[PDB]
Number of protein chains: 2
Amino acid sequence: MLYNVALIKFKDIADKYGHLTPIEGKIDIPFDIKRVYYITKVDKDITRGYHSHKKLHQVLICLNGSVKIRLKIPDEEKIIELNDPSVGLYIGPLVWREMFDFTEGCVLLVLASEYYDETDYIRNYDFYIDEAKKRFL
Amino acid sequence: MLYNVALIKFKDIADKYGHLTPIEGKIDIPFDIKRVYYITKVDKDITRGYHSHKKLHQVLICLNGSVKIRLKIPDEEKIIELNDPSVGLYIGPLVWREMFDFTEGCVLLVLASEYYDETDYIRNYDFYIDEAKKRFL
Ligand SMILES: C[C@H](O)COCC(COC[C@H](C)O)(COC[C@H](C)O)COC[C@@H](C)O
Ligand SMILES: Cc1cn([C@H]2C[C@H](O)[C@@H](COP(=O)(O)OP(=O)(O)O)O2)c(=O)[nH]c1=O
Ligand SMILES: Cc1cn([C@H]2C[C@H](O)[C@@H](COP(=O)(O)OP(=O)(O)O)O2)c(=O)[nH]c1=O
Ligand SMILES: Cc1c[nH]c(=O)[nH]c1=O
């Protein structure tokens, strides 16, 4: 069971003028968008991430190219490749992630429920396991 | 000159792991994000747009590739090429726009101040110029 994770399907409005996916805060995703960020130009052998959050809710969306997201909780690990812009990966609190195999020119957009707060990140895998084992076991 | 438009510069957090640009509503941009949408897979000879808005505020960002934005208000026209993910084109009310020259792989993100409202759009060019003449002249 990969708790606290979902794949959310967005509208894809396509005709001869291209494709357009809209995402409205609290409607298409469950939370209000306080912040967005996006990661570009990642080299092919980079893994990034190596963190969880305590309170943040987030949605990951690969808008070009492809990227693989490795998700861990105590005793499970699942790899999800994102390669469709109409699909978002919801990740709740206390899921550990790492991202790798970003293609050229892969674009990974994140919608976040809160402003950037370094103190809400768990960057220590040992602390992570320690807080997570309490939640998931 | 071209009223109600700005270029906004965002952080670019660049290192060996790649590049990351964050945008926090009301901080990096002047409004809350209620809605984001994105345009992709647009063919090379397509022109998108041909409208204005009455009340919406929005920011345009090209996250991969390049796209040109033709902006017009009565008596004034400017073409802006967007090709830097760390640069946002803020467009306020009553500017007419058209988007063209989407490159292969181009991703155009829009941050919007309101949920989609087809009644806020001005799609009739003659009603646009009539309303804009009232404001800018
Ligand atoms: C270059 C090396 O191969 C990468 O090693 C990754 C790391 C974490 O994985 C934790 C989870 C099981 O995946 C290995 O640590 C062992 C423990 C946590 O001390 C820590 O690296 C963080 C850096 C890359 O920012
Ligand atoms: C996500 C985010 C990061 N940053 C900073 C924090 C980090 O030092 C750097 C990279 O963030 P980090 O979250 O470590 O990136 P990733 O998940 O891709 O590994 O950017 C901000 O200033 N604002 C933000 O919203
Ligand atoms: C921007 C937006 C458009 N749409 C729909 C309305 C239109 O039928 C279609 C195309 O939108 P439009 O804004 O008309 O496209 P552009 O300015 O890129 O030419 O998508 C939404 O459903 N939600 C949105 O947020
Ligand atoms: C000049 C002009 C006329 N008609 C349009 O629809 N757009 C334009 O930009």
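How each quantity is defined
Numbers on residues come from counting from 1 along each chain's written sequence, not from the entry itself, and any residue without coordinates is not displayed. Chain letters and ligand numbers both follow the written order, the letters beginning at A and the numbers at 1. Here the side-chain values reflect all heavy atoms present in the structure, with hydrogen atoms and water set aside. Residues with missing side-chain atoms are left out of burial classes, side-chain pairs and their counts. UniProt positions are given in the numbering used here, feature names are shortened, and annotations may be inferred rather than shown by experiment. By the criteria applied, helices consist of DSSP H or I runs no shorter than four residues and strands consist of E runs no shorter than two, each listed in order from the N terminus. Contacts are assigned to residue pairs with any non-hydrogen atoms lying within 4.5 Å of each other. Accessible area, probed at 1.4 Å, shrinks when two parts are joined; the buried area is that loss added up over both. Whenever a nitrogen or oxygen atom comes within 3.5 Å of another N or O atom, the pair is scored as a polar contact, on the condition that within protein one atom can donate a hydrogen and the other can accept it, and that pairs from neighbouring residues in sequence are kept only if both atoms are in side chains. All amino acids are sorted into three groups, where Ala, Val, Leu, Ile, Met, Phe, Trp, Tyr, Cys and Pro are nonpolar, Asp, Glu, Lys and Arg are charged, and the leftover types, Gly among them, are polar. Following DSSP output, two strands are said to pair if at least two bridges run between them.

- The record names X-ray crystallography as the way this model was obtained, at a resolution of 2.00 Å.

A closer look at the UniProt feature "binding site: dTDP" (unreviewed entry) in chain A
Next, step 1: In the numbering used here, UniProt assigns the "binding site: dTDP" (unreviewed entry) feature to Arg 35, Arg 48, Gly 49, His 51, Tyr 121 and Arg 123 of chain A.
Next, step 2: Looking at where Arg 48 of chain A falls in the secondary structure, it is placed in strand β5 (residues 47-53).
Next, step 3: Beyond its immediate stretch of four places on either side in the chain, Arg 48 of chain A contacts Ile 39, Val 42, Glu 98, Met 99 and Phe 102 of chain A together with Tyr 17, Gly 18, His 19 and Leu 20 of chain B.
Next, step 4: Examined against the element boundaries, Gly 49 of chain A turns out to sit in strand β5.
Next, step 5: Once residues lying within four places of it in the same chain are set aside, the contact partners of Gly 49 of chain A are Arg 97, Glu 98 and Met 99 of chain A.

Focus: the interface of chain A and chain B
Next, step 1: Counting residues at the interface gives 36 residues for chain A and 36 residues for chain B.
Next, step 2: Around 3,100 Å² of area is buried between chain A and chain B when both sides are counted, 58% of it from carbon and sulfur atoms.
Next, step 3: When the area that chain A buries against chain B is broken down by residue, the three leading residues are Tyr 17, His 19 and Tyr 38 of chain A, summing to 21%.
Next, step 4: Scanning the region where chain A abuts chain B turns up 16 residue pairs in polar contact.
Next, step 5: For the side of chain A that touches chain B, the elements supplying multiple residues, two or more each, are β3 (18-24), β4 (35-40), β5, β6 (58-64) and β11 (107-112) of chain A.
Next, step 6: Here the element with the most residues in the side of chain A that touches chain B is β3 of chain A; it accounts for seven residues.
Next, step 7: Split by residue class, the side of chain A that touches chain B holds 21 nonpolar, eight polar and seven charged.
Next, step 8: As paired elements, β3 of chain A and strand β4 (residues 35-40) of chain B share six bridges and run antiparallel to each other.

Here's the deal with the sheet that holds strand β12 (residues 121-122) of chain A
Residue and element names in this part refer to chain A.
Next, step 1: With antiparallel pairing, the five strands of this open sheet are ordered in space as β8-β7-β10-β5-β12. What marks the edges here is a single partner per strand, and that holds for β8 (76-82) and β12.
Next, step 2: Relative to β12, β5 is paired through two bridges, and the arrangement is antiparallel. Across the sheet, residue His 53 finds its bridge partner in β12, namely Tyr 121.

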